[PDB]
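Down below is the structure, laid out as structure tokens.
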Amino acid sequence: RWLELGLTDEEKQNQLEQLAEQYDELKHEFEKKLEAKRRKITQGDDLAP
Amino acid sequence: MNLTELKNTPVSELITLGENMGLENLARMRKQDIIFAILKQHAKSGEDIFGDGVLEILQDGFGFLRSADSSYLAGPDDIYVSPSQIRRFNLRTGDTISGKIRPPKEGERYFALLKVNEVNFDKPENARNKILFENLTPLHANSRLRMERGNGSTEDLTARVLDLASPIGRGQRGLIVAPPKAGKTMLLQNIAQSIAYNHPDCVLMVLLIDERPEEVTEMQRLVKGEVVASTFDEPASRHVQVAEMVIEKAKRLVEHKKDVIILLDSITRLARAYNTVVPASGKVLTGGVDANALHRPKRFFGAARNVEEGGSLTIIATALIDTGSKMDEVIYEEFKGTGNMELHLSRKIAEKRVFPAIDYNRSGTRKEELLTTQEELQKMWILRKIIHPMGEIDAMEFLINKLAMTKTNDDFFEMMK
Amino acid sequence: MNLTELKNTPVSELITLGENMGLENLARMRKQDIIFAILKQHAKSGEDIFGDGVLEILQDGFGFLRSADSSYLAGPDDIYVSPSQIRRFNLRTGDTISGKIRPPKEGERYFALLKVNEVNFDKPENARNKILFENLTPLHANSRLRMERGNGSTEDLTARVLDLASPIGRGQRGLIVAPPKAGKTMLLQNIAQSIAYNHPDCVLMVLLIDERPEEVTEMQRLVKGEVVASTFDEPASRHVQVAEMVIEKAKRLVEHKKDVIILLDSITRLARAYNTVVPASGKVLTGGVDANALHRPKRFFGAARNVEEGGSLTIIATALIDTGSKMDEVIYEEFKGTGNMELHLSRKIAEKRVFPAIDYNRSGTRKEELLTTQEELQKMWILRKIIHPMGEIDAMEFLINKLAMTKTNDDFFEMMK
Ligand SMILES: Nc1ncnc2c1ncn2[C@@H]1O[C@H](COP(=O)(O)OP(=O)(O)O)[C@@H](O)[C@H]1O
Ligand SMILES: Nc1ncnc2c1ncn2[C@@H]1O[C@H](COP(=O)(O)OP(=O)(O)O)[C@@H](O)[C@H]1O
Ligand code: BEF
Ligand code: BEF
Ligand SMILES: [Mg+2]
Ligand SMILES: [Mg+2]
């Protein structure tokens, strides 16, 4: 639960930012697929007139 | 680039800038919609945009970066904030955040903030390790905030009178009890101008709730600082939104050890909106107000306090009387006991074209000895002793005549001699 | 360990202690949330924590150990008390319980108290075999509680005047009838300080209901003893909660043969909250108060009494007048006849900067002969005889001048000679 550190900016901050961006993208994509499947399975289906 | 950097200027420069960007006719859509399209094109140029805004947290956990010029309301340029930032830094409501943003891909909603670069005009390291607002130690007004301008204008008296009636300081909780058609507008105007001119160190945050749009335009481009307002164009929902958002911004700015003046008018319409947006408890009070309708207004009112560690929050919320019904008066009552600073204005004298008509009798300040020096306090005590035994009209005409016959307040002391 | 042992100190020591415990960033969460996390880690170290708190009983039968520093309110460190303890000892509301507690397993709520080790600063055997509070025999004030400090301060007079106007003793029921902006705050402040300094044997329990948070902070760290308060930050629900909880704590402490002074301000806001939280009976009284809205306030007011067996409960609840409406005055009326001790303060003299402005005429005490010796009673009778035939201003200036010209009260008797 700790990505948060800072020291030796020149490279350490560059790679820590890259990994933070990767983590955020992963979490956002996963929650997006989550909500998509949610709204798909909760969307009622047509039955008949 | 920054949205406010495109917002300080009218729609005309936005139109020509969009024509520079080579897009569809911009003047047709709204100017904030123009800004949305313009930032979309700027992001299409292959660059990371730099955005800023104060945070609004919904139930889902993500955030919105509401902009200052958009009156802290919902807009197409509200930057989406992924929950991962709330997991790392846990930025609360009102935290002014500036950082890198990306365009919305299709089927998305708005711009997404990638990495924060500035947290409340400070490094992000102070955001996680910081003492909270409701966790502070509230105190009284220690430092005095003088109000007189110093060059002797006609409405400069409207500030001097306060310094002569009851002082105002940092962390105080002020009420302005006045009927309609009394002179509250110009009063808060010159109050803000005097605070800005004489004390440019503090952060002036003027607030306006449910007034005329012409009044909003007159307030925004007359005083120093940010002017967020919500007129009758917005329902009680957006009213309570902007109110809680500015109050949380003030909370965060005091957490960062800064002084915030919140001039709000009026508190009664805010209370009406609150009573409109509370669940019914199957019972009504005297005047037509729900039981729990006062809890959140009381929270918003008591958010103001003076801190031991750093910063202050001083709110001056105007109370409205002479509305004919009870409920508003009820609000006023429920608000005299919570605020430690009262200031009462006269309409019976205002109809006589006698301005400014401040009630010198029922005005006062609790712990006012911390708001003024020793001998000045003695002289103010003696001056109120002189003002007391004469009639209302007597005191008020004496005030206006002998203060317009003076220029500054210490000059007034040295002339009363 | 003990929660209050971590609560007497600010959030800074809690932060460094949590850093010693090796947890997530503590400053981000609230300081009481910090204490919750810290006690969770301390329990993770493989030790049984020792907690304490006063009991609050819900409808389900279990209990909560509300802490003193948390203003007897809901918190994450409220120790859960299984019903089995209420089956064995039947600990009622307000019983200060200290014992062994365990951490909450997941899906649980809070810490659970395993075994009680201390019941109201006494052995648990006295808890089951004990005579109850409403089961006692109420009596009058037999022992006199002197109020003068003894070194002659300016506000020391504010105590002496009481000893000169109407004595105060154990088990009495006192009312303070005063308008706003009269001098009740400093009065109860020096009253508490004098009770603590001159009579450190009794348990000082100052109470504050719906005031400024700065006032709460000024009261907590100025006087001797526990200071529980509930400002406007809490609705009528938490108001009545803290009120009934402190009153039940006082009931239990008197059951344990101890004296409890309850300085409450104000009783009118408590009555407003009560009228807010009562079911509607389809009818309203004069002023806008429900019919059964006074039953529970009357119970809370009459909880004070002097006991034959041991202990006393003396409440001094301030009544508020000059509020413009009727209902508050109605409360005052319904409260003059139930209390056997009246004390009235003057605002018409307070506006003249004449402090302290106590109404010497309408002040009095029922069965006041048990509150003072024989010849001192004769001299007080003669002194009131002297004070009567002169005007209000006359009596008040004579009081203030000739008592500031004195140092103590018996010295005042020996100077009037
Ligand atoms: N200090 C002042 N000097 C001159 N006129 C004043 C002053 N204060 C108020 N007025 C008069 O009050 C009118 C505006 O009232 P307004 O402030 O809108 O009412 P309210 O007091 O209810 O806000 C103006 O026409 C102006 O002439
Ligand atoms: N014993 C006293 N000596 C000097 N000033 C006093 C005294 N008692 C009250 N005051 C004045 O009363 C003011 C505070 O009154 P307060 O207690 O808030 O009114 P209320 O009685 O409505 O609670 C202070 O500004 C103080 O100057
Ligand atoms: F008429 Be005022 F603006 F209340
Ligand atoms: F305003 Be006071 F405390 F009655
Ligand atoms: Mg106006
Ligand atoms: Mg008071």
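Ordering of the structure tokens sets the chain letters (A, B, ...); residue numbers start at 1 within each chain; ligands are numbered from 1 in the order shown.
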
Closest contacts (chain A/chain B, max 10 Å, only C-alpha atoms) as a Markdown table:
| residue | atom | partner | partner_atom | distance |
| --- | --- | --- | --- | --- |
| A:1 | CA | B:88 | CA | 8.3 |
| A:2 | CA | B:88 | CA | 7.7 |
| A:3 | CA | B:88 | CA | 7.5 |
| A:4 | CA | B:88 | CA | 6.9 |
| A:5 | CA | B:125 | CA | 9.2 |
| A:6 | CA | B:125 | CA | 9.0 |
| A:17 | CA | B:115 | CA | 7.9 |
| A:20 | CA | B:115 | CA | 8.6 |
| A:21 | CA | B:114 | CA | 7.1 |
| A:23 | CA | B:84 | CA | 8.2 |
| A:24 | CA | B:84 | CA | 5.9 |
| A:25 | CA | B:82 | CA | 9.3 |
| A:27 | CA | B:84 | CA | 7.6 |
| A:28 | CA | B:82 | CA | 7.2 |

* To do: May I ask you to extract the residues of chain B within 7 Å of chain C, using only C-alpha atoms, and to give them as a VMD selection string?
  => chain B and resid 128 to 131 135 138 to 140 286 291 295 298 to 299 338

Same residues, N, CA and C atoms, output as a short mmCIF file (atom, residue, chain, number, x, y, z; two decimals), in the first residue's frame:
data_model
loop_
_atom_site.label_atom_id
_atom_site.label_comp_id
_atom_site.auth_asym_id
_atom_site.auth_seq_id
_atom_site.Cartn_x
_atom_site.Cartn_y
_atom_site.Cartn_z
N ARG B 128 0.15 14.55 2.65
CA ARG B 128 -0.12 13.33 3.40
C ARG B 128 0.15 13.51 4.89
N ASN B 129 1.29 14.11 5.23
CA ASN B 129 1.67 14.36 6.62
C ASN B 129 1.21 15.77 6.98
N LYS B 130 -0.01 15.88 7.48
CA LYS B 130 -0.56 17.18 7.84
C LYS B 130 -1.67 16.99 8.86
N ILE B 131 -1.83 17.99 9.72
CA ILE B 131 -2.85 17.99 10.76
C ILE B 131 -4.14 18.54 10.16
N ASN B 135 -9.61 18.68 13.37
CA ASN B 135 -8.68 18.19 14.36
C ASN B 135 -7.91 19.31 15.05
N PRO B 138 -9.58 25.18 18.21
CA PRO B 138 -10.16 26.50 17.98
C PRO B 138 -9.86 27.47 19.11
N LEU B 139 -9.68 28.74 18.74
CA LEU B 139 -9.40 29.80 19.70
C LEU B 139 -10.13 31.07 19.28
N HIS B 140 -9.86 32.15 20.01
CA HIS B 140 -10.49 33.44 19.76
C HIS B 140 -9.63 34.27 18.81
N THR B 286 -41.51 25.35 14.50
CA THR B 286 -42.20 26.63 14.41
C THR B 286 -41.63 27.42 13.24
N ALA B 291 -36.62 19.35 11.51
CA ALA B 291 -35.86 19.21 12.75
C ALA B 291 -34.36 19.22 12.47
N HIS B 295 -28.72 21.15 11.27
CA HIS B 295 -27.44 20.54 11.63
C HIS B 295 -26.33 20.95 10.67
N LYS B 298 -25.49 24.61 10.73
CA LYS B 298 -24.70 24.90 11.92
C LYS B 298 -23.25 24.46 11.73
N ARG B 299 -23.05 23.31 11.08
CA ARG B 299 -21.70 22.87 10.75
C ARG B 299 -21.00 23.89 9.85
N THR B 338 -24.76 30.83 18.12
CA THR B 338 -23.59 30.08 17.67
C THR B 338 -22.44 31.00 17.27
#

To check your reading of the model: which residues sit at most 10 Å from ligand 1 when counting only C-alpha atoms and all ligand atoms? Write the answer as a PDB file with N, CA and C atoms, in the first residue's frame.
ATOM      1  N   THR B 154     -16.137  58.590   1.374  1.00  0.00           N
ATOM      2  CA  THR B 154     -17.455  58.637   1.998  1.00  0.00           C
ATOM      3  C   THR B 154     -17.875  57.268   2.514  1.00  0.00           C
ATOM      4  N   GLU B 155     -17.655  56.212   1.726  1.00  0.00           N
ATOM      5  CA  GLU B 155     -17.927  54.868   2.218  1.00  0.00           C
ATOM      6  C   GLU B 155     -16.770  54.294   3.021  1.00  0.00           C
ATOM      7  N   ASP B 156     -15.629  54.988   3.078  1.00  0.00           N
ATOM      8  CA  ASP B 156     -14.580  54.599   4.015  1.00  0.00           C
ATOM      9  C   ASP B 156     -15.096  54.621   5.445  1.00  0.00           C
ATOM     10  N   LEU B 157     -16.012  55.545   5.745  1.00  0.00           N
ATOM     11  CA  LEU B 157     -16.685  55.548   7.039  1.00  0.00           C
ATOM     12  C   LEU B 157     -17.316  54.195   7.324  1.00  0.00           C
ATOM     13  N   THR B 158     -17.921  53.582   6.298  1.00  0.00           N
ATOM     14  CA  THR B 158     -18.574  52.287   6.468  1.00  0.00           C
ATOM     15  C   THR B 158     -17.610  51.232   6.993  1.00  0.00           C
ATOM     16  N   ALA B 159     -16.307  51.433   6.803  1.00  0.00           N
ATOM     17  CA  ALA B 159     -15.335  50.561   7.449  1.00  0.00           C
ATOM     18  C   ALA B 159     -14.981  51.083   8.836  1.00  0.00           C
ATOM     19  N   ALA B 178     -29.770  42.306   9.086  1.00  0.00           N
ATOM     20  CA  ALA B 178     -30.300  43.481   8.409  1.00  0.00           C
ATOM     21  C   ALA B 178     -31.547  43.110   7.626  1.00  0.00           C
ATOM     22  N   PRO B 179     -32.527  44.005   7.551  1.00  0.00           N
ATOM     23  CA  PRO B 179     -33.707  43.765   6.713  1.00  0.00           C
ATOM     24  C   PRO B 179     -33.402  44.067   5.257  1.00  0.00           C
ATOM     25  N   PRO B 180     -34.301  43.717   4.335  1.00  0.00           N
ATOM     26  CA  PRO B 180     -34.088  44.093   2.933  1.00  0.00           C
ATOM     27  C   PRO B 180     -34.117  45.603   2.757  1.00  0.00           C
ATOM     28  N   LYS B 181     -33.411  46.070   1.726  1.00  0.00           N
ATOM     29  CA  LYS B 181     -33.281  47.496   1.421  1.00  0.00           C
ATOM     30  C   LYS B 181     -32.706  48.248   2.624  1.00  0.00           C
ATOM     31  N   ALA B 182     -31.485  47.860   2.997  1.00  0.00           N
ATOM     32  CA  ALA B 182     -30.793  48.455   4.129  1.00  0.00           C
ATOM     33  C   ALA B 182     -29.385  48.938   3.816  1.00  0.00           C
ATOM     34  N   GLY B 183     -28.693  48.326   2.859  1.00  0.00           N
ATOM     35  CA  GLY B 183     -27.350  48.751   2.520  1.00  0.00           C
ATOM     36  C   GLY B 183     -26.284  47.707   2.778  1.00  0.00           C
ATOM     37  N   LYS B 184     -26.645  46.429   2.648  1.00  0.00           N
ATOM     38  CA  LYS B 184     -25.687  45.353   2.877  1.00  0.00           C
ATOM     39  C   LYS B 184     -24.729  45.191   1.703  1.00  0.00           C
ATOM     40  N   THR B 185     -25.223  45.411   0.482  1.00  0.00           N
ATOM     41  CA  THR B 185     -24.410  45.189  -0.709  1.00  0.00           C
ATOM     42  C   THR B 185     -23.177  46.083  -0.707  1.00  0.00           C
ATOM     43  N   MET B 186     -23.388  47.402  -0.718  1.00  0.00           N
ATOM     44  CA  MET B 186     -22.262  48.326  -0.709  1.00  0.00           C
ATOM     45  C   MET B 186     -21.407  48.141   0.535  1.00  0.00           C
ATOM     46  N   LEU B 187     -22.026  47.764   1.658  1.00  0.00           N
ATOM     47  CA  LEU B 187     -21.257  47.539   2.876  1.00  0.00           C
ATOM     48  C   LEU B 187     -20.225  46.442   2.680  1.00  0.00           C
ATOM     49  N   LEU B 188     -20.663  45.248   2.267  1.00  0.00           N
ATOM     50  CA  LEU B 188     -19.704  44.168   2.064  1.00  0.00           C
ATOM     51  C   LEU B 188     -18.738  44.491   0.930  1.00  0.00           C
ATOM     52  N   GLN B 189     -19.169  45.296  -0.046  1.00  0.00           N
ATOM     53  CA  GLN B 189     -18.261  45.712  -1.111  1.00  0.00           C
ATOM     54  C   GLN B 189     -17.073  46.488  -0.553  1.00  0.00           C
ATOM     55  N   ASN B 190     -17.347  47.571   0.179  1.00  0.00           N
ATOM     56  CA  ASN B 190     -16.245  48.366   0.713  1.00  0.00           C
ATOM     57  C   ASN B 190     -15.496  47.616   1.808  1.00  0.00           C
ATOM     58  N   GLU B 215     -25.493  41.671  -9.955  1.00  0.00           N
ATOM     59  CA  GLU B 215     -24.741  41.805  -8.712  1.00  0.00           C
ATOM     60  C   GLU B 215     -23.493  40.931  -8.729  1.00  0.00           C
ATOM     61  N   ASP B 265     -23.431  36.372   1.722  1.00  0.00           N
ATOM     62  CA  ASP B 265     -24.754  36.983   1.797  1.00  0.00           C
ATOM     63  C   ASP B 265     -25.659  36.271   0.801  1.00  0.00           C
ATOM     64  N   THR B 318     -24.404  37.273   6.330  1.00  0.00           N
ATOM     65  CA  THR B 318     -25.457  38.253   6.558  1.00  0.00           C
ATOM     66  C   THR B 318     -26.768  37.546   6.873  1.00  0.00           C
ATOM     67  N   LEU B 320     -30.917  37.860   7.444  1.00  0.00           N
ATOM     68  CA  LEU B 320     -32.009  38.634   6.869  1.00  0.00           C
ATOM     69  C   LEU B 320     -33.230  38.560   7.771  1.00  0.00           C
ATOM     70  N   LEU B 345     -27.701  46.019  11.419  1.00  0.00           N
ATOM     71  CA  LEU B 345     -27.900  47.148  10.528  1.00  0.00           C
ATOM     72  C   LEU B 345     -29.348  47.617  10.616  1.00  0.00           C
ATOM     73  N   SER B 346     -29.556  48.911  10.391  1.00  0.00           N
ATOM     74  CA  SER B 346     -30.861  49.534  10.566  1.00  0.00           C
ATOM     75  C   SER B 346     -31.474  49.868   9.214  1.00  0.00           C
ATOM     76  N   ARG B 347     -32.726  49.448   9.019  1.00  0.00           N
ATOM     77  CA  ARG B 347     -33.523  49.856   7.868  1.00  0.00           C
ATOM     78  C   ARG B 347     -34.441  51.028   8.189  1.00  0.00           C
ATOM     79  N   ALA B 350     -32.325  53.623   7.398  1.00  0.00           N
ATOM     80  CA  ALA B 350     -31.940  53.619   5.992  1.00  0.00           C
ATOM     81  C   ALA B 350     -33.020  54.231   5.109  1.00  0.00           C
ATOM     82  N   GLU B 351     -34.291  54.063   5.480  1.00  0.00           N
ATOM     83  CA  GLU B 351     -35.370  54.678   4.714  1.00  0.00           C
ATOM     84  C   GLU B 351     -35.312  56.197   4.794  1.00  0.00           C
ATOM     85  N   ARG B 353     -32.758  57.811   4.246  1.00  0.00           N
ATOM     86  CA  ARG B 353     -31.567  58.128   3.455  1.00  0.00           C
ATOM     87  C   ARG B 353     -30.385  58.470   4.358  1.00  0.00           C
ATOM     88  N   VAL B 354     -30.319  57.808   5.512  1.00  0.00           N
ATOM     89  CA  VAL B 354     -29.240  58.009   6.470  1.00  0.00           C
ATOM     90  C   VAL B 354     -28.332  56.787   6.450  1.00  0.00           C
ATOM     91  N   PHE B 355     -27.228  56.876   5.710  1.00  0.00           N
ATOM     92  CA  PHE B 355     -26.296  55.776   5.568  1.00  0.00           C
ATOM     93  C   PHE B 355     -24.918  56.175   6.083  1.00  0.00           C
ATOM     94  N   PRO B 356     -24.175  55.246   6.705  1.00  0.00           N
ATOM     95  CA  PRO B 356     -24.606  53.867   6.956  1.00  0.00           C
ATOM     96  C   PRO B 356     -25.328  53.704   8.297  1.00  0.00           C
ATOM     97  N   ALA B 357     -26.427  52.953   8.296  1.00  0.00           N
ATOM     98  CA  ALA B 357     -27.269  52.801   9.484  1.00  0.00           C
ATOM     99  C   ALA B 357     -26.969  51.475  10.185  1.00  0.00           C
ATOM    100  N   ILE B 400     -22.630  59.766  11.951  1.00  0.00           N
ATOM    101  CA  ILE B 400     -22.387  60.064  10.540  1.00  0.00           C
ATOM    102  C   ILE B 400     -21.783  61.455  10.383  1.00  0.00           C
TER     103      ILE B 400
END

* To do: Would you mind writing down, as a PyMOL selection string, each residue of region 61-290 of chain B that DSSP on the backbone assigns to alpha helix (DSSP H)?
  => chain B and resi 83-88+125-128+157-165+184-198+213-220+236-255+267-276

* Asked: Between B:349, B:81, B:254, B:219, which one has atoms that come closest to ligand 5, using only C-alpha atoms and all ligand atoms?
  -> B:219

* Distance criterion (only C-alpha atoms and all ligand atoms): nearest to ligand 6 out of C:377, C:165, C:227, C:208 ->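 Nearest candidate to ligand 6 out of C:377, C:165, C:227, C:208: C:208.
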
Closest atom pairs, residues of chain B within 9 Å of ligand 2, only C-alpha atoms and all ligand atoms, as a Markdown table:
| residue | atom | partner | partner_atom_place_in_ligand_line | distance |
| --- | --- | --- | --- | --- |
| B:340 | CA | ligand 2 | 18 (O) | 8.6 |
| B:364 | CA | ligand 2 | 25 (O) | 8.9 |
| B:365 | CA | ligand 2 | 25 (O) | 7.4 |
| B:366 | CA | ligand 2 | 25 (O) | 5.5 |
| B:367 | CA | ligand 2 | 25 (O) | 5.3 |
| B:368 | CA | ligand 2 | 25 (O) | 6.5 |
| B:369 | CA | ligand 2 | 25 (O) | 7.6 |

* To do: Find the distance between CA of residue 13 (chain C) and CA of residue 225 (chain C) and write it in Å to one decimal.
  =>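 Computing the Euclidean distance for CA of residue 13 (chain C) and CA of residue 225 (chain C) yields 22.6 Å.
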
* Asked: Got a sec: who's within 12 Å of region 387-391 of chain B, counting only C-alpha atoms, leaving out chain neighbours fewer than 3 positions off, as a list in words?
  -> residues 164, 165, 359, 360, 361, 362, 380, 381, 382, 383, 384, 394, 395, 396, 397, 398 and 399 of chain B; 348, 351, 352 and 353 of chain C

As a CSV table (one decimal) with N, CA and C atoms, in the first residue's frame, which residues of region 188-410 of chain C does DSSP assign to strand (DSSP E)?
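Wrote it out as out28.csv, contents follow:
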chain,number,residue,atom,x,y,z
C,203,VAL,N,-16.3,16.6,43.3
C,203,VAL,CA,-16.0,16.3,41.9
C,203,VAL,C,-16.6,17.4,41.1
C,204,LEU,N,-15.8,18.2,40.5
C,204,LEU,CA,-16.2,19.3,39.6
C,204,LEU,C,-16.5,18.7,38.2
C,205,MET,N,-17.7,18.9,37.8
C,205,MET,CA,-18.2,18.4,36.4
C,205,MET,C,-18.8,19.6,35.7
C,206,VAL,N,-18.0,20.4,35.0
C,206,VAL,CA,-18.6,21.5,34.2
C,206,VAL,C,-19.2,21.0,32.9
C,207,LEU,N,-20.3,21.6,32.5
C,207,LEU,CA,-21.0,21.1,31.4
C,207,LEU,C,-21.2,22.3,30.4
C,208,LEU,N,-21.2,22.0,29.1
C,208,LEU,CA,-21.4,23.0,28.1
C,208,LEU,C,-22.2,22.4,27.0
C,209,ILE,N,-23.3,23.1,26.6
C,209,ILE,CA,-24.2,22.7,25.6
C,209,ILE,C,-24.4,23.8,24.6
C,226,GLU,N,-13.2,17.1,34.7
C,226,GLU,CA,-13.6,16.6,33.4
C,226,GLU,C,-14.5,17.7,32.8
C,227,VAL,N,-14.3,18.0,31.5
C,227,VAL,CA,-15.0,19.0,30.8
C,227,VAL,C,-15.6,18.3,29.5
C,228,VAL,N,-16.8,17.8,29.6
C,228,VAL,CA,-17.6,17.2,28.5
C,228,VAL,C,-18.5,18.3,27.9
C,229,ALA,N,-18.5,18.5,26.6
C,229,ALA,CA,-19.4,19.5,26.0
C,229,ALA,C,-19.9,19.0,24.7
C,230,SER,N,-21.0,19.6,24.2
C,230,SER,CA,-21.5,19.3,22.9
C,230,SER,C,-22.0,20.7,22.3
C,259,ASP,N,-20.0,13.7,45.8
C,259,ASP,CA,-20.7,14.9,45.5
C,259,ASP,C,-20.3,15.3,44.1
C,260,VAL,N,-21.3,15.7,43.3
C,260,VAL,CA,-21.2,16.1,41.9
C,260,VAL,C,-21.8,17.4,41.6
C,261,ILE,N,-20.9,18.4,41.2
C,261,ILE,CA,-21.4,19.7,40.8
C,261,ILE,C,-21.5,19.7,39.2
C,262,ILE,N,-22.7,20.1,38.7
C,262,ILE,CA,-23.0,20.1,37.3
C,262,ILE,C,-23.3,21.5,36.9
C,263,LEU,N,-22.3,22.3,36.4
C,263,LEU,CA,-22.6,23.6,35.9
C,263,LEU,C,-22.9,23.5,34.4
C,264,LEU,N,-24.2,23.7,34.1
C,264,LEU,CA,-24.7,23.6,32.7
C,264,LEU,C,-25.1,25.0,32.2
C,305,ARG,N,-30.4,16.3,43.7
C,305,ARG,CA,-31.0,16.2,45.1
C,305,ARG,C,-29.9,15.9,46.1
C,306,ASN,N,-30.2,16.1,47.3
C,306,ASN,CA,-29.3,15.8,48.5
C,306,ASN,C,-29.8,14.6,49.1
C,307,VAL,N,-28.8,13.7,49.4
C,307,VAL,CA,-29.2,12.3,49.8
C,307,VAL,C,-28.9,12.1,51.3
C,312,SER,N,-24.0,13.9,46.9
C,312,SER,CA,-25.0,14.9,46.5
C,312,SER,C,-24.8,15.2,45.1
C,313,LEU,N,-25.9,15.8,44.5
C,313,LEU,CA,-25.9,16.2,43.1
C,313,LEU,C,-26.4,17.6,43.1
C,314,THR,N,-25.6,18.6,42.8
C,314,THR,CA,-25.9,20.0,42.7
C,314,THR,C,-25.7,20.5,41.3
C,315,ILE,N,-26.8,20.9,40.7
C,315,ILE,CA,-26.8,21.4,39.3
C,315,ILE,C,-27.1,22.9,39.3
C,316,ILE,N,-26.3,23.6,38.5
C,316,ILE,CA,-26.5,25.1,38.3
C,316,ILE,C,-26.7,25.2,36.8
C,317,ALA,N,-27.9,25.3,36.3
C,317,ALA,CA,-28.3,25.4,34.9
C,317,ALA,C,-28.7,26.8,34.6
C,318,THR,N,-28.1,27.4,33.6
C,318,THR,CA,-28.3,28.8,33.3
C,318,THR,C,-29.6,28.9,32.4
C,319,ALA,N,-30.5,29.8,32.8
C,319,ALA,CA,-31.7,30.1,32.1
C,319,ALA,C,-31.5,31.3,31.2
C,320,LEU,N,-32.0,31.4,30.0
C,320,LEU,CA,-31.8,32.4,29.1
C,320,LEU,C,-33.1,33.2,28.8
C,341,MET,N,-33.6,26.9,44.0
C,341,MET,CA,-32.5,27.8,44.1
C,341,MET,C,-32.5,28.7,42.9
C,342,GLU,N,-32.7,30.0,43.1
C,342,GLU,CA,-32.8,31.0,41.9
C,342,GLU,C,-31.6,31.9,42.1
C,343,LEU,N,-31.0,32.3,41.0
C,343,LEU,CA,-30.0,33.4,40.9
C,343,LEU,C,-30.2,34.1,39.6
C,344,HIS,N,-30.4,35.4,39.7
C,344,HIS,CA,-30.8,36.3,38.5
C,344,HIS,C,-29.7,37.3,38.3
C,345,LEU,N,-29.3,37.4,37.0
C,345,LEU,CA,-28.3,38.3,36.6
C,345,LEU,C,-28.9,39.4,35.7
C,358,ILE,N,-25.5,41.0,39.3
C,358,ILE,CA,-26.4,40.0,39.8
C,358,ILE,C,-27.6,40.7,40.5
C,359,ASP,N,-28.8,40.2,40.1
C,359,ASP,CA,-30.0,40.7,40.7
C,359,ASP,C,-30.1,40.3,42.2
C,360,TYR,N,-29.7,41.2,43.1
C,360,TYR,CA,-29.7,40.9,44.5
C,360,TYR,C,-31.2,40.8,45.0
C,361,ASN,N,-32.1,41.4,44.3
C,361,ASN,CA,-33.5,41.4,44.9
C,361,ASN,C,-34.2,40.0,44.7
C,362,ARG,N,-34.2,39.5,43.4
C,362,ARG,CA,-34.9,38.3,43.1
C,362,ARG,C,-34.1,37.1,43.3
C,363,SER,N,-32.8,37.2,43.7
C,363,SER,CA,-32.1,36.1,44.2
C,363,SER,C,-32.5,35.6,45.5
C,364,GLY,N,-32.4,34.3,45.8
C,364,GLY,CA,-32.8,33.7,47.0
C,364,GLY,C,-32.6,32.2,47.0
C,365,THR,N,-32.7,31.7,48.2
C,365,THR,CA,-32.5,30.2,48.4
C,365,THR,C,-33.6,29.7,49.4

* Asked: Which residues, written as number ranges by chain, have at least one atom at most 12 Å from residue 245 (chain B), with only C-alpha atoms counted and residues fewer than 5 positions away on the same chain left out?
  -> B: 53-57, 64-68, 71-74, 92-96, 207, 228-230, 238-240, 250-252, 300

* To do: Work out how far apart CA of residue 119 (chain B) and CA of residue 91 (chain B) are and give it in Å to one decimal.
  =>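 Atom-to-atom, CA of residue 119 (chain B) to CA of residue 91 (chain B), that is 8.6 Å.
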